[PDB]
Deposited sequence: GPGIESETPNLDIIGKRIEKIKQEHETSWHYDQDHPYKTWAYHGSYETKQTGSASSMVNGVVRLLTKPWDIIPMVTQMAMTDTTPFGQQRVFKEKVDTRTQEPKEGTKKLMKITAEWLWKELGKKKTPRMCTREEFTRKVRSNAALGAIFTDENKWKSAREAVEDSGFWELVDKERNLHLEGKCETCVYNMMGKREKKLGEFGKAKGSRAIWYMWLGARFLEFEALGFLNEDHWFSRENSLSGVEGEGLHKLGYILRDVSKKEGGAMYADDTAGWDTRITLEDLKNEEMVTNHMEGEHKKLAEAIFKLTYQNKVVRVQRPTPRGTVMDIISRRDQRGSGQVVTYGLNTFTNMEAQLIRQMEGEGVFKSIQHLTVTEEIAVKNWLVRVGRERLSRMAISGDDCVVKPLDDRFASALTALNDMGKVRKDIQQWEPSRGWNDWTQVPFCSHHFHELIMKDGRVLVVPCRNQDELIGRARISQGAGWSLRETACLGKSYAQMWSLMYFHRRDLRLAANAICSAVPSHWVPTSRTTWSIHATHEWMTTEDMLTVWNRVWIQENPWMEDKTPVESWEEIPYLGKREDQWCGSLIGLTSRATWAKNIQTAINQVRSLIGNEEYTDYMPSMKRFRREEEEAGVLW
């Protein structure tokens, strides 16, 4: 307790001595409270005018238009201690999983140089603004690195002064760039060296890309066994227990030297003990603490979420297969049974899953899995939108399974070759491309963000009639040599000035390990669409008067945007489509 967090709290007391008061009207039940102090400030969603002017029919569709307008009583909840049998299952499974993930990888520190390069190429590291303006400036100043040095030596000494979270079904915990560096140095290897790639982790999909996820689900579907289960957890980050954080920390058992001590300090001082500052309109700043829940950088959060989800789903599979009888207590001979199951079939059982952080798909050995709920509920991983003891409903068809906000279609090219393509309701795709975040967007920056969405649509969603047409219109409306841009950055093959047909051939044909025939496609007309009725099912406006007038008159829309941007060099991409080809 206060011997680990006191110094951080002490240091905050003194910067705001003209305001410190142990307020009595504090709304916290499950967070430990320490004091308040004075502040006064808050970034809404802004519309992308280039995308909106080229998607006119969607101006009257409320599912699109409402997306641009506008639970912290789940952060202030508590999870119960799991039983002794559950704690043993989790410790055995976690020990085994770190060894498997570690067989072909070597833990190592990430460098000032790798961090400095990350900040100089826009990664959403979740930092705060203020002794330097941006991240870019702090990194190019030896004063910053001396602050980092001070904290680093405090961490080696087993102590923390400045590693404090700032809070803001979401809750993002920003830290100062220095605390983020020390997290990246100790634990960045999990992401930088691809510990959760499918090759290394068997269940993971880190680095795979949206063009591979449907092929991966089809490969899981080919296994003998029961239905495909895709249960969502209610508020995963709030259900991470102190027992979960202690099993995650066992990665440090595979480290040595400085790295070992630096990583044990991140886990002990910042993950298993946290200090947070939160805005309350009653506008003041509260300083609260707690031992559990997930509060890390979003990239470390992703890898540890994937680890703990892999662990939880293997235990759920053991429960369905009858490996242990009760969570109350694991007997001596059940321990050996569990260890033996892991050694004998653990790798096969991992290959039956696709896991992306808190998101999973599992094809278990049979449907006993559906009603195997005691360990899952006792670990605190309570399913969303189902009663606690109601058996899971599974999917009989891999093309209907939800994963990473998508479903997947099997699409047959006129030449017989098979594409497995990503899809989601088209209102969600158009509504997201019409939105930007942040201030000071030039017209050029806005256009280049529109081009990023358009090239993503050409590569991932070419099979949706409306998106292939809107993508061609946006690419025709933005100067041809202008480079697609994003403020926040799966693999991003659409972020390029290369010809999109060349990129499509590389991704879907040349580098696609599920495509045996490597014959290149010569034109967009060779690339198929969903059936017309399936396109409509997934939100297409084909067959509406609004959509027909938009498609017929698209050159007028393209010319409106060109007139706003001005006299630049443009390409007409519309004749790549049969209907505009004369």
property	result
Sequence ranges absent from the coordinates, based on the deposited chain and numbered from 1	1 to 9, 52 to 53, 82 to 91, 151 to 153, 193 to 207, 322 to 324, 532 to 535, 629 to 637
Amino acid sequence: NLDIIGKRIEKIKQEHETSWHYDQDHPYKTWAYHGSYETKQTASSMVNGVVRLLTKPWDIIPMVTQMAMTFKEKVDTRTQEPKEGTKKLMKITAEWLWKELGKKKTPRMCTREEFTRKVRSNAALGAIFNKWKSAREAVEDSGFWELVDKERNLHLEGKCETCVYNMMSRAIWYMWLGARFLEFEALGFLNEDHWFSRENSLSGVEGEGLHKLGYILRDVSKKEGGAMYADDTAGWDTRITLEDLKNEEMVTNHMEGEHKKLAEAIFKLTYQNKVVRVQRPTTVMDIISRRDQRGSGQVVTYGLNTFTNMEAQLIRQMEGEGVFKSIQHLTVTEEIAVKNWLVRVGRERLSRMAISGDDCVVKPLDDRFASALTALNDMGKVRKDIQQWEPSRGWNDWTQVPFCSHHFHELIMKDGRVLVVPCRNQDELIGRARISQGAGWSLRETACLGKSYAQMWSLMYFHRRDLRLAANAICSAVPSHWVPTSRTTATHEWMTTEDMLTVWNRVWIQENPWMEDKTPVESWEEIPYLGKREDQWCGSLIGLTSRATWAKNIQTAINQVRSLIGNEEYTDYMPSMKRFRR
From here on, numbers count along this sequence of modelled residues.
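Just so we're on the same page, rigid core means the largest C-alpha set that superposes within 1.5 Å between forms.
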item: Larger mean CA deviation from the shown form in 9 other deposited structures of this protein [core fit; 199 to 207 vs 114 to 122]; value: 114 to 122
item: Higher C-alpha RMS shift from the shown form in 9 other deposited structures of this protein - 446 to 454 or 413 to 421, rigid core fit; value: 446 to 454
item: At least a third of other PDB entries omit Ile128; value: yes
item: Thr489 dropped in a third or more of the other entries; value: yes
item: Entry-level comparison of average CA B-factors, 45 to 53 and 516 to 524, reporting the higher stretch; value: 516 to 524
item: Average Cα temperature factor in the PDB entry - higher stretch of 245 to 253, 79 to 87; value: 79 to 87
item: Residue, from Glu206, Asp466, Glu114, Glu264, that the PDB entry assigns the highest Cα B-factor; value: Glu114
item: Member of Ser356, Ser134, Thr301, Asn340 with the greatest C-alpha B factor (per the PDB record); value: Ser134
item: Third of the chain's Cα B-factor distribution that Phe184 belongs to, per the entry; value: middle
item: Position of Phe307 among the chain's modelled residues by C-alpha B-factor, lowest, middle or highest third; value: lowest
item: Chain-wide C-alpha B factor ranking for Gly322, given as lowest, middle or highest third; value: middle
item: Where the record places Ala68 (Cα B-factor, split into thirds across the chain); value: middle
item: Third assignment of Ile9 from its chain's C-alpha B-factors; value: highest
